[PDB]
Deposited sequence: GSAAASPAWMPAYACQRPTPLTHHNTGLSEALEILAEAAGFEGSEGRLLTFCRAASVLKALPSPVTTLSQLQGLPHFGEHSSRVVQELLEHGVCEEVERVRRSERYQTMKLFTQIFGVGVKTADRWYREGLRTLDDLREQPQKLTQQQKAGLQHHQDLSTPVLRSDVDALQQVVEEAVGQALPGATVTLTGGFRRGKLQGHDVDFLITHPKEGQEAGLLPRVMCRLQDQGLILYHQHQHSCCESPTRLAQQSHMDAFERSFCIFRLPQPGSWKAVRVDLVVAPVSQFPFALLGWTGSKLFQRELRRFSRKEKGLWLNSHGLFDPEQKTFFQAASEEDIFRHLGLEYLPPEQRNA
């Protein structure tokens, strides 16, 4: 088992779901306390289990697996022996974990803001609503729409949203294309939002595109919230039978020269991308982001025409999006 998640296929569904979910609780809890290192180790250990070809049934099966030391192995041992891990259950029922989870799930609220509200004594969404003086416009929108934004986005929602985005994109710039990215491109059947990547086959024609797209969506009455650029974090009005619901949508524009990097970067998973960038820098001495891949010795950028090109330049076997579910 390779040490980096980008070196191994990780399918969406797997054979160690319960074990990985427990480790991901501890990762999330570490993040709420600002312990980025422990979050990463627990996320990586969870991801290793997702990549295994069969269920872990005995502690000896963890020997030799990367990212399993004393702590992660003890979590698994307790789950195998008793069905429950006391540390995980203690986190789950803790006031700190439940409130930080509630607050950070709000669009416009991160760990730092959640933590400050927690320390101020705030615990519920209504606590936040009964004091709007302390909220940004973004947080007001996230709180107003919180119920709808907590409802899973379904694949039927995605097709409808893609059609309306293409319509606006086609008026803003004929020839521009819209590509579905994020978790739905990895095969997820649900999500918390929908992610689209927009480009144009003629390098440079995409400049200035996103304001033009946004103005046209807003004129069609489809935008419940937008910041107003190359990235837009929107709340869309999605028609439903006899009504509608708010849905988070991310729109990102890239020039066609950068499209493979942006596609790779926005297709995820989040852990896969961090591991890929870590691998690139630490193992290959190359600097990767969603714009390109830089050789800092030669001071040159790798021209890629495909995601396949990028994996080859990094010396990695190609993984389709469905195997990037780290």
{"property": "Chain regions without C-alpha coordinates, deposited sequence numbering", "result": "1-9, 238-256"}
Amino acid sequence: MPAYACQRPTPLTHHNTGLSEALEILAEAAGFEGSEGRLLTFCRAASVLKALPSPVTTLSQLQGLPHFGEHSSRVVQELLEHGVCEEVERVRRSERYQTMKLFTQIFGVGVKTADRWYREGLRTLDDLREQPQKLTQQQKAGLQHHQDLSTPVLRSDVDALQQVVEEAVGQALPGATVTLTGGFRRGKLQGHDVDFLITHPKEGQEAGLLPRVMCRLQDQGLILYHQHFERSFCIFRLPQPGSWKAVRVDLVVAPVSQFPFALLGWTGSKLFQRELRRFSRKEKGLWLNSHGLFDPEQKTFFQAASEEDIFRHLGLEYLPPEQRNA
From here on, numbers count along this sequence of modelled residues.
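So that the term is clear: the rigid core is the largest set of C-alpha atoms that superpose within 1.5 Å between two forms.
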{"property": "Higher-deviation segment by CA RMS in 8 other deposited structures of this protein, core fitted, 296-304 or 42-50", "result": "296-304"}
{"property": "More variable segment, 88-96 or 126-134 [Cα RMS over structures in 8 other deposited structures of this protein, core-superposed]", "result": "126-134"}
{"property": "Residue stretch of maximal mean CA temperature factor, 58-66 vs 257-265", "result": "58-66"}
{"property": "Mean Cα B-factor comparison, 179-187 or 103-111, giving the higher one as deposited", "result": "103-111"}
{"property": "Out of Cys234, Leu209, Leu135, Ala246, residue topping the C-alpha B-factor column of the entry", "result": "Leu135"}
{"property": "Per the PDB entry, maximal CA B factor within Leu122, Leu149, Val213, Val252", "result": "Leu122"}
{"property": "CA B-factor ranking of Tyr97, expressed as a third of its chain", "result": "middle"}
{"property": "Where the record places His200 (Cα B-factor, split into thirds across the chain)", "result": "lowest"}
{"property": "Ranked C-alpha temperature factor of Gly292 among modelled chain residues, by third", "result": "lowest"}
{"property": "Cα B factor band for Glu275 (lowest, middle or highest third within the chain)", "result": "lowest"}
{"property": "Cα B factor band for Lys50 (lowest, middle or highest third within the chain)", "result": "lowest"}
